[PDB]
Ligand SMILES: OC[C@]1(O)OC[C@@H](O)[C@H]1O
């Protein structure tokens, strides 16, 4: 008979991050004997993900995996997928109610700690910072940001957010303009953190334009090839982030296991429904050339 069908859904198409994720999805399909694909929505508007899922339910797929733009917007349609007998997995949505499992490639608490310790060392434990998130509701960016700020307050009291987190991390242009604006406004701004993959690109371009790389550090999630030029020029300080092909691969792998009626085999937290690895990738001037 035909292979079972596994479909991943990214946050939005046309992104290096999600093209790399898709490579992992497709490779896992070959590895595990499932018909695996990835659909990229036209925008980050969460209803576009809902519409894709409705289409996939209609087409009777076996598993749907997804990087949610908004956990709560998707809950009703995830319930409909589960009612249809479809396995639903998320990445970047710990605690998603209606997903069989959420998969993460890093440990949230350790990841936030690493951001703060890296930032504090370069800032001497003192100064302003800002966080960019993809949106005000996207799940993981906001959990990571929460943990970062909490950790900072409990370790380095002389560091401080210059503003509330800014929902700009999915746009290079907007991230760039925001960074220019903040650098002009806040003399003590010493670091920009972006949890979305486009934000370090925009921030790094702003820092470059203002010739500010020794004053304003840039950290965040990123694809090495996208960030390489700015890393080399020193305008992006460091990527603290993971290989999204691992996420794509793990999603399709776990789907395959469930579809084969097998028990899950990482930290597997049964009651929280989270499968977690700890595969942090640091991206810096010393290793950039090894990474793309
Ligand atoms: O730009 C896409 C993205 O937001 O960046 C990193 C990761 O969180 C991913 O979902």
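Worth pointing out:
- Value of relative contact order over region 144-257, rounded to a whole percent, pairs C-alpha under 8 Å and six or more apart: 20 percent
- Using a Förster distance of 41 Å, the FRET efficiency for residue 110-residue 51 (Cβ separation, nearest 0.05): 0.70
- With 5 Å bins from 0: P(r) over the chain, alpha-carbon pairs, percent: 1, 6, 13, 17, 18, 15, 12, 8, 6, 3, 1, 0, 0, 0
- Each part reduced to its alpha carbon centroid, region 48-98 and region 25-43 end up 15 Å apart.
- In terms of other Cβ atoms within 10 Å, 208, 79 run from fewest to most in the order 79, 208.
- Modelled spin-label separation between residue 278 and residue 37, with each label point placed 7 Å from Cα along the Cα-to-Cβ direction: 3.9 nm.
- Working from label points 7 Å from Cα in the Cα-to-Cβ sense, the residue 257 to residue 83 distance is 2.9 nm.
- Label-to-label distance for residue 73 and residue 225 is 2.8 nm, based on points extended 7 Å past Cα in the beta-carbon direction.
- Packing-based exposure ordering (other Cβ within 10 Å, fewest first) of 251, 230: 230, 251
- With neighbour counts taken as other beta-carbon atoms within 10 Å, the residues 163, 178 rank, fewest first, as 163, 178.
- Straightening the chain between residue 181 and residue 60 buys 38.7 nm, computed as 0.36 nm per residue apart minus the Cα-Cα spacing.
- Rounded to whole Å, sorted largest first: equivalent-ellipsoid semi-axes of region 171-248, Cα gyration tensor: 21, 12, 10
- Global form of region 108-241, assessed from the alpha-carbon gyration tensor, a/c cut-off 1.5: rounded
Here the Cβ is made from the backbone with ideal geometry for all residues, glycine too, and neighbour counts use every protein chain on show. Throughout, read-outs are computed from the coordinates displayed, never taken from laboratory work.
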